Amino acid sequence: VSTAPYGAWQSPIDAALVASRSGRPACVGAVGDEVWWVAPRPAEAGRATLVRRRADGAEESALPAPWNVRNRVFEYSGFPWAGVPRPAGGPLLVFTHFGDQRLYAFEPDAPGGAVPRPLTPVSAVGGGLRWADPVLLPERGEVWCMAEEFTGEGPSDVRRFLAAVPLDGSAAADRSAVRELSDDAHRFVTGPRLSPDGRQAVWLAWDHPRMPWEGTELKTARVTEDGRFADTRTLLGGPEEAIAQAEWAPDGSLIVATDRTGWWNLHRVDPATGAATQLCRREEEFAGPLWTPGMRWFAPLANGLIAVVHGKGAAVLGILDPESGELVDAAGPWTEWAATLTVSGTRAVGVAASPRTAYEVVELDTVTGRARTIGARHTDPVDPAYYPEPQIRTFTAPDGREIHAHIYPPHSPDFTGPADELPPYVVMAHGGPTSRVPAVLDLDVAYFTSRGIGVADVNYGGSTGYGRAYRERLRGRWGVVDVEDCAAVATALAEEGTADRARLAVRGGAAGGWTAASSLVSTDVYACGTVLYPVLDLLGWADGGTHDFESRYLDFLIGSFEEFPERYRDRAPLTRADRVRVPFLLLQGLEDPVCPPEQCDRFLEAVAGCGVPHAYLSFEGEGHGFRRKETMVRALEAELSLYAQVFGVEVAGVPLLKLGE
């Protein structure tokens, strides 16, 4: 061990390794005795593939490039696949290919191998046709899902409804062959969930200007014999009751996760009256913000037990006995479980990680209570001694309010900083903003901490996982609460003498980019900042400047335009772009439909000539969020260079970012 300036420590973690290991298993699901999930392939044009895990442990990608398992529903991608086991011929699977947004069917065990065949027609009108959250029904020879069909060229010129697509491929070039199960009365809907007897269907629905976490309605209908929906009606829910998920238990009962008590809790629901009964009252979240159709937090098991990812703050998979109210969590090293879940037999399978291990596919068996890794087993790319040791802390702001944050101090088995120096710190603001960041191994974080630069990940007011009230703290306060909370943690760290007050950076992407930009504009706490595909122009954004799903999200964030039109200009970073007095880095994807690159251009034009050192790197072929390995490498090394230059530290492992005024 030797002494070296903070930020200049030699680290075995390069941006290429970081990119290579980015992402996590997602959308897990059981198919007979098999377990499938979506996995990222950053080095394969940033595509996502399907992974098939056989009972005997065999684990391999089921689709080769260029197949890309992802869709553009809500622009964030709804559950992209489905699969059913069959008596002969192997399982039948369907998935949405990102390239043409079509739903495809394929049989992995067919002689010759997987040969995807299209099931849906395309459209040149606006955003065309999109599909997601499917359920295979081979008895009816169809796959049921929710669909998006653009009717105009505007981002909101679209209708959504539940649909039935023929598995025989007769609708591949015939839109009339697609059956509309529900009508298009509701702008936003999720895929259908069929009762075990196949006579009743449910689905979530909502409209502008509400976000699903504000409120949703659980719709229901009788499924006729010929496969149509009848007597559609609202079973429960409303503009202020957030129903995040609904599932049929194998015994025919209905279970939903609602926040009517102030926290998302599981409730049994009378399929006829809609009356709900508490199954486990707790000041813990048993669900989360429904950003895409198909998210699952709980899963009913055939034996009557219920698997549930729950917790206040950190979420962990546990097993609930709705009869005794008893809840037993998984053990093992995993401290955070993602919002994806499936069951098979007495087993519940989810995706979880720890501060020392990347997300793995983990199985919890109800008979033994044993939890074990069954997929994507984590191997250390470098000695785990290079990973930071997270400190889950709650800071107390001026008015006594609690601010939840994850502190990652510089950490390295080979270096220590100068006695008379304190380490610079990078303060991060997650996206959303209605979501939360878990405290697990993240090479993007270790990339900095292993070099001598601390990191502080703040779950500012408005973050999820701490009840409706905490999520509501941000209503009408975007640009103030997120900014102040992040700054509170920063300055508190400096005052405590654990961070260099003069070397604090702020960074974030999407909503987090807005927070970072806003911080550089409305405060002088930071020495520099990194902004990724942010929202900087509110007026532009509100004026048909973003996808349909978030086209009215500002009503929640800053207030309606009808009531607070003045905020749309005052809160906008673009309006005060001239107030940025420190160097910054802007990163953007050129195919971004959520935060169009125009946002950046306008900002850059507003700061030109102000003599503020800065840089802007846009990437062709990248949408909202970077998926290609080469893109991530360049984005991360650029951010590090910015910090090296501003913090007066040397880093030769990355190219020197060219900053200009």
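Numbers follow the displayed sequence, beginning with 1.
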Can you tell me whether 94-102 has a higher mean C-alpha B factor than 412-420 in this record, or the other way round? 412-420
Which has higher Cα B-factors on average according to the PDB entry: 598-606 or 25-33? 598-606
Looking at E363, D444, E550, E566, which has the highest Cα B-factor in the entry? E566
Top Cα B-factor in this entry, restricted to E214, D133, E149, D543, sits on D543
Just say lowest, middle or highest third for the CA B-factor of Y616 relative to the other modelled residues in its chain. highest
Third of the chain's Cα B-factor distribution that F229 belongs to, per the entry: highest
Just say lowest, middle or highest third for the CA B-factor of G127 relative to the other modelled residues in its chain. lowest
Going by the entry, which third of its chain does the Cα temperature factor of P42 land in? lowest
Looking at the C-alpha B-factor of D56, is it in the lowest, middle or highest third of its chain? highest
